[PDB]
>>> print(open('run_12.cif').read())   # mmCIF, C-alpha atoms and all ligand atoms
data_start
#
loop_
_atom_site.label_atom_id
_atom_site.label_comp_id
_atom_site.auth_asym_id
_atom_site.auth_seq_id
_atom_site.Cartn_x
_atom_site.Cartn_y
_atom_site.Cartn_z
CA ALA A 1 33.93 9.90 -55.44
CA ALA A 2 36.53 12.06 -53.71
CA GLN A 3 39.54 14.14 -54.77
CA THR A 4 42.15 14.28 -52.02
CA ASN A 5 44.41 17.32 -52.00
CA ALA A 6 41.97 19.24 -54.18
CA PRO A 7 42.07 23.03 -54.58
CA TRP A 8 40.43 24.68 -51.59
CA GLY A 9 37.56 25.97 -53.73
CA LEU A 10 36.42 22.49 -54.75
CA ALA A 11 36.73 21.11 -51.22
CA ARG A 12 34.85 24.10 -49.82
CA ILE A 13 31.98 23.56 -52.29
CA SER A 14 31.50 20.04 -50.87
CA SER A 15 31.84 20.81 -47.14
CA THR A 16 29.91 22.66 -44.44
CA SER A 17 33.05 24.19 -42.92
CA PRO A 18 36.30 25.67 -44.28
CA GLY A 19 39.76 24.18 -43.95
CA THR A 20 39.12 20.84 -45.66
CA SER A 21 41.10 19.57 -48.64
CA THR A 22 38.94 16.77 -50.13
CA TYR A 23 36.31 17.30 -52.84
CA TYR A 24 33.40 14.88 -52.43
CA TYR A 25 31.13 14.60 -55.48
CA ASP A 26 28.89 12.13 -57.28
CA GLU A 27 30.87 10.32 -59.98
CA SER A 28 28.35 11.37 -62.65
CA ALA A 29 30.40 14.60 -62.71
CA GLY A 30 27.98 16.53 -64.89
CA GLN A 31 28.28 14.07 -67.77
CA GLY A 32 25.63 14.79 -70.39
CA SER A 33 25.53 18.54 -69.68
CA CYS A 34 27.18 21.38 -71.59
CA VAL A 35 28.80 24.61 -70.37
CA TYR A 36 29.45 27.57 -72.66
CA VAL A 37 32.44 29.65 -71.53
CA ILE A 38 32.11 33.13 -73.04
CA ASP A 39 35.56 34.61 -72.47
CA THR A 40 38.97 34.94 -74.17
CA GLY A 41 38.67 31.40 -75.56
CA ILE A 42 39.85 28.01 -74.37
CA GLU A 43 43.08 26.09 -74.94
CA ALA A 44 41.18 22.97 -75.98
CA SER A 45 44.47 21.05 -76.34
CA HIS A 46 45.18 21.26 -72.60
CA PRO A 47 45.57 17.70 -71.23
CA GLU A 48 43.39 18.64 -68.24
CA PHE A 49 40.34 18.90 -70.53
CA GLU A 50 40.74 15.31 -71.80
CA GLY A 51 39.33 16.37 -75.17
CA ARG A 52 36.02 17.53 -73.67
CA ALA A 53 36.59 21.16 -74.74
CA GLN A 54 36.43 22.77 -78.17
CA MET A 55 36.04 26.23 -79.68
CA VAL A 56 32.73 26.95 -81.39
CA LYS A 57 32.90 30.67 -82.25
CA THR A 58 35.31 33.60 -82.26
CA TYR A 59 34.81 37.26 -83.15
CA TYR A 60 38.50 37.98 -83.79
CA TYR A 61 41.30 36.92 -86.15
CA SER A 62 41.79 33.67 -84.20
CA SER A 63 39.90 31.38 -81.85
CA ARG A 64 43.12 30.84 -79.89
CA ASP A 65 43.20 31.96 -76.25
CA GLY A 66 46.22 34.26 -76.00
CA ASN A 67 45.37 35.52 -72.50
CA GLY A 68 44.62 32.50 -70.31
CA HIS A 69 41.66 34.05 -68.47
CA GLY A 70 39.15 31.96 -70.41
CA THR A 71 41.22 28.80 -70.02
CA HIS A 72 41.40 29.40 -66.27
CA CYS A 73 37.61 29.72 -66.04
CA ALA A 74 36.95 26.71 -68.27
CA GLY A 75 39.22 24.65 -66.02
CA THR A 76 37.27 25.51 -62.87
CA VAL A 77 34.11 24.44 -64.72
CA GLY A 78 35.24 20.94 -65.66
CA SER A 79 38.95 20.27 -65.87
CA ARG A 80 40.00 16.87 -64.57
CA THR A 81 41.93 18.20 -61.56
CA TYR A 82 40.57 21.73 -61.07
CA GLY A 83 36.96 21.40 -62.28
CA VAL A 84 33.61 21.10 -60.56
CA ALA A 85 31.93 19.01 -63.28
CA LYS A 86 34.83 16.82 -64.36
CA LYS A 87 32.86 15.04 -67.12
CA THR A 88 30.96 17.96 -68.65
CA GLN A 89 31.20 19.19 -72.23
CA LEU A 90 32.94 22.56 -72.60
CA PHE A 91 32.25 25.02 -75.43
CA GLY A 92 34.31 28.18 -75.92
CA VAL A 93 32.95 31.46 -77.26
CA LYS A 94 35.66 34.10 -77.71
CA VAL A 95 34.14 37.58 -77.27
CA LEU A 96 37.22 39.16 -75.65
CA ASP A 97 40.56 39.79 -77.33
CA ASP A 98 43.89 38.58 -75.95
CA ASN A 99 44.07 41.68 -73.72
CA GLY A 100 40.85 40.74 -71.91
CA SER A 101 38.92 43.60 -73.55
CA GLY A 102 36.05 43.75 -76.00
CA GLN A 103 33.11 45.89 -77.04
CA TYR A 104 29.56 45.44 -75.78
CA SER A 105 28.23 44.89 -79.30
CA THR A 106 30.47 41.82 -79.56
CA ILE A 107 29.58 40.47 -76.10
CA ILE A 108 25.87 40.76 -76.91
CA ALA A 109 26.33 38.95 -80.22
CA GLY A 110 28.18 36.20 -78.37
CA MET A 111 25.25 35.69 -76.01
CA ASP A 112 22.70 35.55 -78.84
CA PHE A 113 24.95 32.95 -80.48
CA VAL A 114 24.82 30.63 -77.46
CA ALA A 115 21.02 30.86 -77.38
CA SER A 116 20.87 29.50 -80.95
CA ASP A 117 23.94 27.24 -81.10
CA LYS A 118 22.73 25.05 -78.22
CA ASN A 119 20.08 23.69 -80.62
CA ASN A 120 22.90 22.06 -82.64
CA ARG A 121 24.51 20.36 -79.63
CA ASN A 122 23.81 17.10 -77.82
CA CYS A 123 23.22 18.24 -74.23
CA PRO A 124 20.46 16.00 -72.84
CA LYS A 125 21.14 17.14 -69.25
CA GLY A 126 21.01 20.90 -69.92
CA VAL A 127 23.09 23.88 -71.00
CA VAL A 128 25.02 26.36 -68.85
CA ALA A 129 26.69 29.67 -69.71
CA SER A 130 29.51 31.17 -67.63
CA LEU A 131 30.27 34.88 -68.18
CA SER A 132 33.28 35.97 -66.12
CA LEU A 133 33.20 39.55 -67.42
CA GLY A 134 31.36 42.83 -67.08
CA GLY A 135 31.57 46.56 -67.10
CA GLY A 136 29.53 49.66 -66.63
CA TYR A 137 25.75 49.45 -66.57
CA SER A 138 24.04 48.76 -69.90
CA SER A 139 20.42 47.75 -70.45
CA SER A 140 21.30 46.13 -73.78
CA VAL A 141 23.85 43.79 -72.19
CA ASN A 142 21.38 43.07 -69.39
CA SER A 143 18.71 42.41 -72.02
CA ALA A 144 20.97 39.97 -73.88
CA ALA A 145 21.69 37.98 -70.72
CA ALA A 146 17.97 37.80 -69.93
CA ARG A 147 17.34 36.50 -73.46
CA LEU A 148 19.98 33.81 -72.95
CA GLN A 149 18.46 32.78 -69.61
CA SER A 150 14.96 32.86 -71.12
CA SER A 151 16.04 30.57 -73.97
CA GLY A 152 16.61 27.72 -71.50
CA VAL A 153 20.23 28.34 -70.49
CA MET A 154 21.48 28.58 -66.91
CA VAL A 155 23.35 31.90 -67.10
CA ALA A 156 26.01 32.69 -64.49
CA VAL A 157 27.71 36.09 -64.41
CA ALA A 158 30.41 37.65 -62.26
CA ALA A 159 29.45 40.37 -59.79
CA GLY A 160 32.53 42.50 -60.48
CA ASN A 161 35.82 43.25 -58.74
CA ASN A 162 35.07 46.83 -57.63
CA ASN A 163 34.14 46.43 -53.93
CA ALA A 164 30.94 48.32 -54.74
CA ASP A 165 27.27 47.64 -55.34
CA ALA A 166 26.74 45.41 -58.38
CA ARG A 167 23.69 47.51 -59.36
CA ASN A 168 25.93 49.66 -61.61
CA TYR A 169 27.53 46.80 -63.55
CA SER A 170 26.27 44.65 -66.42
CA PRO A 171 25.31 41.91 -66.92
CA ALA A 172 25.77 41.55 -63.15
CA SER A 173 22.79 43.79 -62.38
CA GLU A 174 20.38 41.70 -64.50
CA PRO A 175 18.10 40.06 -61.90
CA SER A 176 16.99 37.20 -64.17
CA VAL A 177 20.49 35.66 -64.19
CA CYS A 178 22.73 34.29 -61.41
CA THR A 179 25.14 36.92 -60.09
CA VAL A 180 28.03 35.29 -58.21
CA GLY A 181 30.18 36.95 -55.57
CA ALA A 182 33.60 35.85 -54.35
CA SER A 183 34.92 34.68 -50.99
CA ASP A 184 38.34 33.56 -49.75
CA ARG A 185 39.51 30.40 -47.99
CA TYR A 186 38.52 31.75 -44.54
CA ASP A 187 34.83 32.34 -45.38
CA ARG A 188 35.44 36.09 -45.72
CA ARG A 189 34.13 38.23 -48.55
CA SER A 190 36.87 38.79 -51.11
CA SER A 191 38.15 42.31 -50.46
CA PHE A 192 37.52 43.16 -54.13
CA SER A 193 34.13 41.46 -54.51
CA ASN A 194 31.07 43.54 -55.25
CA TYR A 195 27.91 43.24 -53.18
CA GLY A 196 24.26 44.30 -53.27
CA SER A 197 20.75 42.94 -53.33
CA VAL A 198 21.17 41.63 -56.89
CA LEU A 199 23.77 39.07 -55.76
CA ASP A 200 22.39 35.53 -55.66
CA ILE A 201 25.24 33.37 -54.32
CA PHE A 202 28.91 33.45 -53.36
CA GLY A 203 31.71 31.22 -54.55
CA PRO A 204 35.45 30.65 -54.06
CA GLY A 205 37.19 33.49 -55.88
CA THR A 206 40.45 34.22 -54.05
CA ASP A 207 43.61 32.25 -54.91
CA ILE A 208 41.96 29.75 -57.24
CA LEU A 209 44.25 27.19 -58.86
CA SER A 210 43.21 26.22 -62.39
CA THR A 211 44.50 25.63 -65.91
CA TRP A 212 46.44 28.22 -67.89
CA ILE A 213 47.67 28.57 -71.46
CA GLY A 214 50.80 26.72 -72.49
CA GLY A 215 49.65 23.56 -70.75
CA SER A 216 50.40 25.23 -67.40
CA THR A 217 48.53 26.27 -64.26
CA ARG A 218 48.41 29.32 -62.02
CA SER A 219 46.43 30.81 -59.14
CA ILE A 220 44.55 34.09 -59.62
CA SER A 221 41.71 35.92 -57.86
CA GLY A 222 38.46 37.57 -58.86
CA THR A 223 34.74 37.04 -59.14
CA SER A 224 35.72 35.66 -62.55
CA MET A 225 36.99 32.64 -60.59
CA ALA A 226 33.89 32.22 -58.40
CA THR A 227 31.41 32.23 -61.29
CA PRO A 228 32.71 28.97 -62.85
CA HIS A 229 32.32 27.25 -59.47
CA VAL A 230 28.60 28.05 -59.63
CA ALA A 231 28.31 27.27 -63.34
CA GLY A 232 30.00 23.91 -62.85
CA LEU A 233 27.82 23.22 -59.82
CA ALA A 234 24.71 23.94 -61.90
CA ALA A 235 25.75 21.51 -64.63
CA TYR A 236 26.55 19.02 -61.87
CA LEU A 237 23.13 19.31 -60.20
CA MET A 238 21.31 19.29 -63.55
CA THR A 239 22.91 16.01 -64.63
CA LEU A 240 21.63 14.53 -61.36
CA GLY A 241 18.13 15.75 -62.26
CA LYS A 242 17.78 17.81 -59.08
CA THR A 243 17.02 21.10 -60.86
CA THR A 244 16.55 22.71 -64.26
CA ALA A 245 18.22 25.57 -66.11
CA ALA A 246 15.29 27.84 -65.29
CA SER A 247 15.44 27.29 -61.50
CA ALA A 248 19.07 26.20 -60.97
CA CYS A 249 20.24 29.49 -59.45
CA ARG A 250 17.29 29.37 -57.04
CA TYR A 251 17.96 25.74 -56.10
CA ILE A 252 21.62 26.52 -55.37
CA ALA A 253 20.50 29.35 -53.07
CA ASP A 254 17.99 27.21 -51.16
CA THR A 255 20.62 24.48 -50.58
CA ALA A 256 23.55 26.78 -49.79
CA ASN A 257 25.51 27.17 -46.57
CA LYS A 258 23.95 30.17 -44.81
CA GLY A 259 25.59 32.56 -42.37
CA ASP A 260 29.14 31.24 -42.81
CA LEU A 261 30.52 34.27 -44.66
CA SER A 262 31.86 37.36 -42.90
CA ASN A 263 32.14 41.02 -43.92
CA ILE A 264 28.82 40.68 -45.77
CA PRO A 265 27.18 44.14 -45.90
CA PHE A 266 23.60 44.33 -44.67
CA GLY A 267 21.18 43.66 -47.50
CA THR A 268 23.54 41.21 -49.22
CA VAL A 269 22.88 37.47 -49.19
CA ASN A 270 25.12 35.33 -47.00
CA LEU A 271 24.97 32.20 -49.16
CA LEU A 272 27.86 29.93 -50.14
CA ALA A 273 27.51 27.48 -53.02
CA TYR A 274 27.34 23.90 -51.76
CA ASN A 275 26.62 20.58 -53.48
CA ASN A 276 25.19 18.84 -50.38
CA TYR A 277 26.81 15.54 -51.35
CA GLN A 278 26.21 12.44 -49.22
CA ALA A 279 27.81 9.03 -49.77
CA CA B 301 19.28 36.74 -59.84
CL CL B 302 20.31 43.38 -76.38
#
>>> encode(input="run_12.cif", output="structure tokens", more="lines below")
Ligand SMILES: [Ca+2]
Ligand SMILES: [Cl-]
Amino acid sequence: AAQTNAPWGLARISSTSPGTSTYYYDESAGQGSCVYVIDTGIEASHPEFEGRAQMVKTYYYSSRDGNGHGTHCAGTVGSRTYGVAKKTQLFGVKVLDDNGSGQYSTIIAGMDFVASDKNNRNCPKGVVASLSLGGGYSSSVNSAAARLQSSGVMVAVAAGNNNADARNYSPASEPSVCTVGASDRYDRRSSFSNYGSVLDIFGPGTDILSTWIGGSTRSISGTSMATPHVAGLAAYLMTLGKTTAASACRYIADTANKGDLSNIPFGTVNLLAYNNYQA
């Protein structure tokens, strides 16, 4: 299949060079897989989700997404127009309030919940978790992410928007998970993106068009936007049976476009997520 006039991020993730506008992908579209979006929630009623999204847990007075950050990320995972895995199942875990903030005790609880809840769900192709959040270093938050990954869940986390080494940010600094950096439409490192040895892969994270609350859309930037590209790619590859949750991040790195990115500090991987689709 192909999506003409697709957002640049999707087209980039299916091409070996920048500047294209079509998104080539196998029509399986991650069907059978599940992606947990641990964020500010999801506007499950958005027409772009086609009823494939639903809230499963909130730690606040409502499960409604009053911020839009979570909805934006969920859309890059598998919305009809702006998603990587257009046929995946989306589950929303609300660990951040409508101001995009939340305590580490809540975020940890949210991750333990996904490790157990997946046993109630029908996900024969695998389970993915997308965490577009993070803060200061914390071994407990790192430990929770490692537990989630260990439980058989492909965990993807944002590297942070500090233009610094991700070693001082959690759960980004947890080596056992997949830490995603951000790049712009010209194969340059996003000026805000963090770097470091702990980074595993880069993704489109500058000027990313996706769904927003109110049945609308808008373009924002951040490693929060690059992580869902990788999460959706994982669910996509896992449906095709090319990798597993335990080795997905490694498979994406071995099949990535290498050397295309610029402004990559020495010691940081120069890898760009890529589906390697052939008709
Ligand atoms: Ca890693
Ligand atoms: Cl913990």
>>> residues_near_ligand(input="run_12.cif", ligand="ligand CL 302 (chain B)", cutoff="10 Å", atoms="only C-alpha atoms and all ligand atoms", output="list in words")
residues 104, 105, 107, 108, 109, 111, 112, 138, 139, 140, 141, 142, 143, 144, 145, 146 and 147 of chain A
>>> closest_residue(input="run_12.cif", among="A:55, A:77, A:131, A:201", to="ligand CA 301 (chain B)", atoms="only C-alpha atoms and all ligand atoms")
A:201
>>> residues_near_ligand(input="run_12.cif", ligand="ligand CA 301 (chain B)", cutoff="7 Å", atoms="all atoms listed in the file", output="CSV table (one decimal) with C-alpha atoms, keeping the file's coordinate frame")
chain,number,residue,atom,x,y,z
A,174,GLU,CA,20.4,41.7,-64.5
A,175,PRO,CA,18.1,40.1,-61.9
A,176,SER,CA,17.0,37.2,-64.2
A,177,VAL,CA,20.5,35.7,-64.2
A,178,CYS,CA,22.7,34.3,-61.4
A,179,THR,CA,25.1,36.9,-60.1
A,198,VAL,CA,21.2,41.6,-56.9
A,199,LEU,CA,23.8,39.1,-55.8
A,200,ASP,CA,22.4,35.5,-55.7
>>> residues_around(input="run_12.cif", residues="residue 76 of chain A", least_positions_apart="3", cutoff="8 Å", atoms="all atoms listed in the file", output="PyMOL selection string")
chain A and resi 72-73+79+82-84+210-211+225+228-229+232
>>> residues_around(input="run_12.cif", residues="segment 212-217 of chain A", least_positions_apart="5", cutoff="9 Å", atoms="all atoms listed in the file", output="PDB file with C-alpha atoms, keeping the file's coordinate frame")
ATOM      1  CA  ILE A  42      39.850  28.010 -74.370  1.00  0.00           C
ATOM      2  CA  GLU A  43      43.080  26.090 -74.940  1.00  0.00           C
ATOM      3  CA  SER A  45      44.470  21.050 -76.340  1.00  0.00           C
ATOM      4  CA  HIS A  46      45.180  21.260 -72.600  1.00  0.00           C
ATOM      5  CA  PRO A  47      45.570  17.700 -71.230  1.00  0.00           C
ATOM      6  CA  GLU A  48      43.390  18.640 -68.240  1.00  0.00           C
ATOM      7  CA  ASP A  65      43.200  31.960 -76.250  1.00  0.00           C
ATOM      8  CA  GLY A  66      46.220  34.260 -76.000  1.00  0.00           C
ATOM      9  CA  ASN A  67      45.370  35.520 -72.500  1.00  0.00           C
ATOM     10  CA  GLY A  68      44.620  32.500 -70.310  1.00  0.00           C
ATOM     11  CA  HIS A  69      41.660  34.050 -68.470  1.00  0.00           C
ATOM     12  CA  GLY A  70      39.150  31.960 -70.410  1.00  0.00           C
ATOM     13  CA  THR A  71      41.220  28.800 -70.020  1.00  0.00           C
ATOM     14  CA  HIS A  72      41.400  29.400 -66.270  1.00  0.00           C
ATOM     15  CA  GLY A  75      39.220  24.650 -66.020  1.00  0.00           C
TER      16      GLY A  75
END
>>> atom_distance(input="run_12.cif", atom1="atom CA of residue 189 of chain A", atom2="atom CA of residue 263 of chain A")
5.8 Å
>>> axis_aligned_box(input="run_12.cif", around="segment 70-82 of chain A", padding_each_side="3 Å", output="JSON")
{"center_x": 38.0, "center_y": 24.4, "center_z": -65.7, "size_x": 13.8, "size_y": 21.1, "size_z": 15.3}
>>> atom_distance(input="run_12.cif", atom1="atom CA of residue 231 of chain A", atom2="atom CA of residue 157 of chain A")
8.9 Å
>>> decode(input="run_12.cif", residues="segment 3-103 of chain A", atoms="C-alpha atoms", output="CSV table (one decimal), in the first residue's frame")
chain,number,residue,atom,x,y,z
A,3,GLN,CA,-0.3,7.0,1.2
A,4,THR,CA,0.3,9.9,-1.2
A,5,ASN,CA,0.8,13.3,0.4
A,6,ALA,CA,1.5,11.7,3.8
A,7,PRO,CA,3.2,13.6,6.6
A,8,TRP,CA,6.9,13.8,6.1
A,9,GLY,CA,7.6,11.6,9.1
A,10,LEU,CA,5.7,8.6,7.6
A,11,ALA,CA,7.2,9.0,4.2
A,12,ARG,CA,10.7,9.3,5.7
A,13,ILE,CA,10.2,6.1,7.6
A,14,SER,CA,9.6,4.3,4.3
A,15,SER,CA,12.4,5.8,2.2
A,16,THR,CA,16.2,5.8,2.0
A,17,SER,CA,16.4,9.6,1.3
A,18,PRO,CA,14.6,12.7,2.6
A,19,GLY,CA,12.2,14.9,0.6
A,20,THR,CA,9.6,12.2,-0.4
A,21,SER,CA,5.9,12.5,0.4
A,22,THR,CA,4.6,8.9,-0.1
A,23,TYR,CA,4.4,6.4,2.8
A,24,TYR,CA,4.9,2.8,1.5
A,25,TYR,CA,3.9,0.1,3.9
A,26,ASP,CA,2.5,-3.5,3.9
A,27,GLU,CA,-1.3,-3.4,4.1
A,28,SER,CA,-1.2,-5.6,7.2
A,29,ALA,CA,-0.7,-2.3,9.0
A,30,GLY,CA,0.1,-3.8,12.4
A,31,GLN,CA,-3.3,-5.5,12.7
A,32,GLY,CA,-3.3,-8.0,15.5
A,33,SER,CA,-0.8,-6.0,17.6
A,34,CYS,CA,-1.5,-3.7,20.6
A,35,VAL,CA,0.2,-0.4,21.6
A,36,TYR,CA,-0.2,1.1,25.1
A,37,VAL,CA,0.1,4.9,25.0
A,38,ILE,CA,1.1,6.0,28.6
A,39,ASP,CA,0.4,9.8,28.4
A,40,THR,CA,-2.3,12.4,29.1
A,41,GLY,CA,-4.9,10.0,27.7
A,42,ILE,CA,-6.5,9.5,24.3
A,43,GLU,CA,-9.6,11.1,22.6
A,44,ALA,CA,-10.9,7.7,21.6
A,45,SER,CA,-13.9,9.3,19.8
A,46,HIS,CA,-11.6,10.9,17.2
A,47,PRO,CA,-12.7,9.8,13.7
A,48,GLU,CA,-9.1,9.2,12.8
A,49,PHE,CA,-8.9,6.2,15.2
A,50,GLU,CA,-11.8,4.4,13.6
A,51,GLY,CA,-12.8,3.0,16.9
A,52,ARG,CA,-9.5,1.2,17.4
A,53,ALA,CA,-8.6,3.3,20.5
A,54,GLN,CA,-10.1,3.1,24.0
A,55,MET,CA,-9.1,4.2,27.6
A,56,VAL,CA,-8.1,1.4,30.0
A,57,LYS,CA,-6.9,3.2,33.1
A,58,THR,CA,-6.6,6.7,34.6
A,59,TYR,CA,-5.1,7.9,37.8
A,60,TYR,CA,-7.0,11.2,37.9
A,61,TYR,CA,-10.6,12.4,38.2
A,62,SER,CA,-11.3,11.6,34.5
A,63,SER,CA,-9.9,9.4,31.8
A,64,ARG,CA,-10.5,12.3,29.3
A,65,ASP,CA,-7.5,13.8,27.5
A,66,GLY,CA,-7.7,17.6,28.3
A,67,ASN,CA,-4.2,18.3,26.9
A,68,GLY,CA,-3.9,16.7,23.5
A,69,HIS,CA,-0.3,15.5,23.9
A,70,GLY,CA,-1.4,11.9,24.4
A,71,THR,CA,-3.9,12.1,21.5
A,72,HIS,CA,-1.1,13.5,19.3
A,73,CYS,CA,1.2,10.5,20.2
A,74,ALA,CA,-1.6,7.9,19.8
A,75,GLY,CA,-2.3,9.3,16.3
A,76,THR,CA,1.3,8.9,15.1
A,77,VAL,CA,1.2,5.3,16.4
A,78,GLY,CA,-1.9,4.2,14.4
A,79,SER,CA,-4.3,6.9,13.3
A,80,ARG,CA,-5.7,6.4,9.8
A,81,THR,CA,-4.0,9.4,8.2
A,82,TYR,CA,-1.1,10.1,10.6
A,83,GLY,CA,-0.2,6.7,12.0
A,84,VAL,CA,2.5,4.2,11.3
A,85,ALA,CA,0.4,1.1,12.1
A,86,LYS,CA,-2.9,2.1,10.7
A,87,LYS,CA,-4.7,-1.1,11.9
A,88,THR,CA,-3.2,-1.6,15.3
A,89,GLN,CA,-5.2,-1.6,18.6
A,90,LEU,CA,-4.6,1.5,20.8
A,91,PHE,CA,-4.9,1.5,24.6
A,92,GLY,CA,-4.6,4.6,26.7
A,93,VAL,CA,-3.1,4.9,30.1
A,94,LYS,CA,-3.4,8.3,31.7
A,95,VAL,CA,-0.6,9.0,34.1
A,96,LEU,CA,-0.2,12.7,33.4
A,97,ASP,CA,-2.8,15.4,34.3
A,98,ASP,CA,-4.2,17.8,31.7
A,99,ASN,CA,-1.2,20.1,32.3
A,100,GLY,CA,1.3,17.4,31.1
A,101,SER,CA,2.6,16.9,34.6
A,102,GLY,CA,2.5,14.0,37.0
A,103,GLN,CA,4.5,12.4,39.9
